[PDB]
Amino acid sequence: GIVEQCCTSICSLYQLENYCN
Amino acid sequence: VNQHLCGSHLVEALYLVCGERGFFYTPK
Ligand SMILES: [Zn+2]
């Protein structure tokens, strides 16, 4: 879902942290 | 809608944001 969530619309670093290890 | 070109950017962003925690990148 990162590709769906952040390619059509802009993701903040706050949203992106959800994908870290 | 070029997900492959988009993905290239995503991986660089995750590198900066995750730092030492790292990440798993799955092109699902
Ligand atoms: Zn590019």
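Chain letters run A, B, ... following the sequence lines, proteins first, then strands; residues in each count from 1. Heavy-atom basis, side chains included; hydrogens, waters and symmetry copies ignored. Counting starts at 1 for both ligands and their atoms, in listed order.
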Just wondering, do A:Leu16 and A:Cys6 contact through their side chains at under 4.5 Å, heavy atoms?
yes
By side-chain hydrogen bond (donor to acceptor under 3.5 Å, both in side chains) - contacts of A:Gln5 (at least two apart):
A:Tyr19
Can you count the protein N, O or S atoms that lie less than 2.8 Å from the Zn ion (ligand 1)?
1
Disulfide bond (SG atoms under 2.5 Å apart), that's the test. Do B:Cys6 and A:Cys7 meet it? Break it down for me.
CA-CA 6 Å; B:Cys6 183; A:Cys7 293; 2.1 Å; yes
Identify whether A:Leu13 and B:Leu10 are in the same connected component of the hydrophobic contact network (ILVMFWY, side-chain heavy atoms under 4.5 Å).
yes
Does a sphere of radius 6.0 Å around CD1 in A:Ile10 hold more than 12 heavy atoms from other residues, nucleotides or ligands, not counting ones at 6.0 Å or beyond?
no
Is atom OH of B:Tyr15 surrounded by more than 12 heavy atoms (other residues, nucleotides or ligands) closer than 6.0 Å?
no
